[PDB]
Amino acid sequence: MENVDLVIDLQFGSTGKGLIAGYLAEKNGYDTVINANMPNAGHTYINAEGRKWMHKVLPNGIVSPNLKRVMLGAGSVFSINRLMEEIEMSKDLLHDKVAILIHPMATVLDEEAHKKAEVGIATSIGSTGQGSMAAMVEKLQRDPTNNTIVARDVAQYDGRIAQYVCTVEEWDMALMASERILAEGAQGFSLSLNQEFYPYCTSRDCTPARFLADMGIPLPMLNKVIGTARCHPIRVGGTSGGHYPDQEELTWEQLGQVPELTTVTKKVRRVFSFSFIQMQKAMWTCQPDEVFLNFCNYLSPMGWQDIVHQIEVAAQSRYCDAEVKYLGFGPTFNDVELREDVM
C-alpha cells in the first residue's frame, strides 16, 4: 500500500516546495497529485523550458507526464475564481483524460468577508490576511442553515465546481485506484499552531500527520517524506514572531542578495541564519526520509556543504535516517542538483 510521497517544509515556509514538487512529478511520473492548500501563500515551479506555474489551489505536480487525478483535500480553503484561472492556464495538461476531484468538505473562500475578518492579525501577528482561518472557523461553526461554506453545498448554486465536487466514497476510491501518489504539504514546520511561537503561527499543524489527515490519506499509504529547507530560513515581514536561541536575524544586504518579497503585498521577507535546534525539532516530528536543501546559491560551497552536514547529524540525533538527496541553486528544474554529483 506504500505509494505516497509527501513533500514537507522543515522551517518557517517558502523553502521551495513548489520547485521540488514539480521536479519530482516530472522525474517519477505520478498518476495522482494531491494537496490541502489554504490561500496563505503560493507555490512556484519553473520547468526546463522556462514555463512558470504560480499556484494557490492546484498542486504543482500537474506537470507529471502520467497525470490522471488531481485531488483537492478536505483541509483545502480556496477561491473559485482562482481555481478557474489555474485550470485555464494549464488547460493543455488538464485534458479530457484528467479527473479533477474536489473533496465535498473542502472550504470555499468568501474573498470579501474572510479577508476583512483577518485585517487585525495581518498587522498584530504578520498574518498573510488571506482569509484562511476565517473560512476554517465558518466551516467549524457547523450551522445547518449555512449552505455557502463547503464545496458540496456551494456546487448546488455555483455550477463552476459542480463537475469537480465528488462524494467521500469517490474520494476513497480515487486514492485506492491510484498507482503512485505525490502529496504536497504547505507552509512550514515552525509555523505549526502547536509549535512554540503561538500566537505567531498559522491556523493548523504543518506536520506529516496533519497533512495526511487533511488529505484523507490512510497512514499505511505513506511511502516517503521529502523534507525541504533553506540555508537561511525566512519569516514574512512585520511582527511575525520569534526565532530559535541558536539563530540571528540577518539583512538581505548582509547576504549580498536582492530583498525577497511576497508576490502581491510586496512585504519584505525577514531572513535568519541556519538553526540546528529548528532542524532537530523538525527532524524529530517530521521524520523525513530525504531532504531538499534549497537556496545554496546564497552561500559558498564550504557554507552549504556544512549545512548539508548539520542537517544529517540533526536527523541522526532524533532517530531519523534523513539523507540530503537534492540541492537547489536557483528557482528552475535546471537548478536542482543531486547532492552526490556536487559533493
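Heads up, when I say rigid core I mean the largest set of C-alphas that superpose within 1.5 Å between the two forms. All residue numbers are counted from 1 along the displayed sequence.
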Core-aligned CA RMS in 6 other deposited structures of this protein: between 177-185 and 132-140 the higher one is 132-140
After superposing on the rigid core, which of 33-41 and 277-285 has its C-alpha atoms sitting farther from this form in 6 other deposited structures of this protein? 33-41
How about residue 210: is it missing from at least a third of the other entries compared? no
May I ask whether residue 123 is missing from the deposited models in at least a third of the other compared entries? yes
For the higher mean C-alpha B factor in the entry, choose 274-282 or 298-306. 298-306
Residue stretch of maximal mean CA temperature factor, 252-260 vs 170-178: 252-260
For 183, 71, 268, 213, the deposited C-alpha B-factor is largest at 268
Which third, lowest, middle or highest, does the CA B-factor of residue 318 fall in along this chain? highest
Ranked C-alpha temperature factor of residue 247 among modelled chain residues, by third: highest
Going by the recorded CA B-factors, say which third of the chain residue 190 sits in, lowest, middle or highest. lowest
When the modelled residues of the chain are sorted by Cα temperature factor, does residue 52 land in the lowest, middle or highest third? middle
So, residue 223's CA B-factor, relative to its chain, sits in which third? The middle
